[PDB]
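Each remark here refers to the structure printed beneath this line.
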Amino acid sequence: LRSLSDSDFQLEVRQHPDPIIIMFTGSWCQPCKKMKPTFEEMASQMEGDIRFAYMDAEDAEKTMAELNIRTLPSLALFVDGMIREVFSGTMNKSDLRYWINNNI
(Lines give C-alpha, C1' and ligand atoms only; values in the text may rest on other atoms or scores of the structure.)
Protein backbone atom coordinates (compact mmCIF):
# COMPACT_ATOMS: atom_id res chain seq x y z
CA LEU A 1 0.00 0.00 0.00
CA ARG A 2 1.20 3.50 -0.85
CA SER A 3 2.12 5.93 1.90
CA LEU A 4 1.31 9.59 1.45
CA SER A 5 2.70 12.76 2.99
CA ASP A 6 1.38 16.30 3.44
CA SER A 7 3.01 17.22 0.10
CA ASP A 8 0.98 14.54 -1.73
CA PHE A 9 -2.38 15.28 -0.17
CA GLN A 10 -3.70 17.96 -2.52
CA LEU A 11 -2.96 15.93 -5.66
CA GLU A 12 -3.80 12.42 -4.48
CA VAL A 13 -6.79 13.20 -2.25
CA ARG A 14 -8.24 16.64 -2.95
CA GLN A 15 -7.81 16.59 -6.74
CA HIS A 16 -8.10 12.88 -7.54
CA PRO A 17 -11.49 11.62 -8.85
CA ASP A 18 -11.48 8.19 -7.13
CA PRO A 19 -12.57 7.44 -3.52
CA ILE A 20 -9.83 6.84 -0.99
CA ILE A 21 -9.58 5.70 2.60
CA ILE A 22 -6.48 6.79 4.51
CA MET A 23 -5.29 4.86 7.54
CA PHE A 24 -3.31 7.20 9.76
CA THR A 25 -0.58 5.26 11.50
CA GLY A 26 2.60 5.67 13.58
CA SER A 27 5.72 3.74 14.65
CA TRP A 28 4.82 3.20 18.30
CA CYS A 29 1.32 1.83 17.97
CA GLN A 30 0.52 -1.84 18.58
CA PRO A 31 -3.13 -1.36 17.59
CA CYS A 32 -1.96 -0.04 14.22
CA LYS A 33 0.26 -3.08 13.61
CA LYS A 34 -2.62 -5.50 14.11
CA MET A 35 -5.05 -3.50 11.99
CA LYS A 36 -2.71 -3.24 9.00
CA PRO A 37 -3.40 -6.79 7.73
CA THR A 38 -7.15 -6.12 8.01
CA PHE A 39 -6.85 -2.82 6.15
CA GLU A 40 -4.77 -4.57 3.47
CA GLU A 41 -7.15 -7.52 3.21
CA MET A 42 -9.98 -5.04 2.69
CA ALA A 43 -7.88 -3.14 0.11
CA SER A 44 -7.53 -6.34 -1.91
CA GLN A 45 -11.31 -6.95 -1.90
CA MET A 46 -12.21 -3.41 -2.87
CA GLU A 47 -9.55 -2.93 -5.53
CA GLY A 48 -10.92 -0.71 -8.30
CA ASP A 49 -13.74 0.54 -6.09
CA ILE A 50 -11.87 2.40 -3.36
CA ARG A 51 -8.17 3.33 -3.04
CA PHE A 52 -6.39 2.52 0.24
CA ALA A 53 -3.28 4.33 1.54
CA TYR A 54 -1.36 5.01 4.74
CA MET A 55 -0.25 8.31 6.16
CA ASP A 56 2.33 8.13 8.91
CA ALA A 57 2.16 10.74 11.66
CA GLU A 58 5.76 11.81 10.92
CA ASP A 59 4.89 12.68 7.28
CA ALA A 60 1.30 13.90 7.80
CA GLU A 61 1.48 16.52 10.57
CA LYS A 62 -0.40 19.19 8.59
CA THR A 63 -3.05 16.80 7.26
CA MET A 64 -3.78 15.33 10.65
CA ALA A 65 -3.97 18.81 12.15
CA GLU A 66 -6.51 20.24 9.72
CA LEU A 67 -8.61 17.03 9.90
CA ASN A 68 -8.26 17.07 13.71
CA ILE A 69 -7.20 13.41 13.77
CA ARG A 70 -5.58 12.30 17.03
CA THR A 71 -6.47 8.69 17.86
CA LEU A 72 -4.26 6.06 16.22
CA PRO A 73 -4.85 4.46 14.03
CA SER A 74 -7.62 6.55 12.46
CA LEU A 75 -9.47 6.05 9.17
CA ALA A 76 -10.62 8.86 6.88
CA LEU A 77 -12.83 8.16 3.86
CA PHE A 78 -12.88 10.72 1.04
CA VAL A 79 -15.32 10.82 -1.88
CA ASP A 80 -15.04 13.39 -4.68
CA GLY A 81 -12.02 14.82 -2.82
CA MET A 82 -14.17 15.67 0.22
CA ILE A 83 -14.18 14.16 3.69
CA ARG A 84 -16.99 11.64 4.22
CA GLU A 85 -16.29 10.20 7.65
CA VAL A 86 -13.44 9.79 10.15
CA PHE A 87 -13.14 6.78 12.44
CA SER A 88 -11.00 6.93 15.58
CA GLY A 89 -9.39 3.62 16.60
CA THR A 90 -9.33 -0.03 15.49
CA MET A 91 -11.88 -2.10 13.61
CA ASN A 92 -12.11 -5.79 12.80
CA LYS A 93 -12.79 -6.87 9.21
CA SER A 94 -16.60 -6.99 9.47
CA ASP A 95 -16.89 -3.58 11.16
CA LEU A 96 -14.51 -2.11 8.58
CA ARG A 97 -16.62 -3.43 5.71
CA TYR A 98 -19.80 -2.05 7.29
CA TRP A 99 -18.16 1.32 7.95
CA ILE A 100 -16.94 1.65 4.34
CA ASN A 101 -20.08 0.44 2.57
CA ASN A 102 -22.41 2.45 4.80
CA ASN A 103 -20.41 5.61 4.06
CA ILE A 104 -19.34 4.78 0.51
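In the C-alpha coordinates, chains take letters A, B, ... by order of appearance, with residues numbered from 1 within each chain and ligands from 1 in the order shown.
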
Do you know which residues are at most 12 Å from residue A:74 counting only C-alpha atoms, after dropping those on the same chain fewer than 5 positions away, and could you put them as a count of residues only? 29

Output as JSON, numbers by chain all residues of chain A that backbone DSSP marks as strand (DSSP E or B). {"A": [2, 3, 4, 20, 21, 22, 23, 24, 25, 51, 52, 53, 54, 55, 56, 74, 75, 76, 77, 78, 79, 82, 83, 84, 85, 86, 87, 88]}

List the spatial neighbours of residue A:45 as a PyMOL selection string - criterion: any atom at most 12 Å away, only C-alpha atoms, same-chain residues fewer than 5 positions off excluded. chain A and resi 38-40+50-52+93+96-97

For the interface of stretch 46-93 of chain A with stretch 5-8 of chain A (cut-off 7 Å, counting only C-alpha atoms), please tabulate each contacting residue of stretch 46-93 of chain A alongside its nearest pair of atoms and their separation in Å to one decimal, rows sorted by chain and increasing number, as CSV.
residue,atom,partner,partner_atom,distance
A:55,CA,A:5,CA,6.2
A:59,CA,A:5,CA,4.8
A:60,CA,A:6,CA,5.0
A:62,CA,A:6,CA,6.2
A:63,CA,A:6,CA,5.9

Would you list, as a PyMOL selection string, the residues of chain A that end up in helix (DSSP H, G or I) under DSSP run on this structure's backbone? chain A and resi 6-14+30-45+57-59+61-66+93-103

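Using only C-alpha atoms, the shortest contact distance between residue A:76 and any of A:16, A:92, A:44, A:99 is found at A:99.
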
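For the choices A:77, A:27, A:15, A:71, the atom-to-atom distance to residue A:101 is smallest for A:77 when using only C-alpha atoms.
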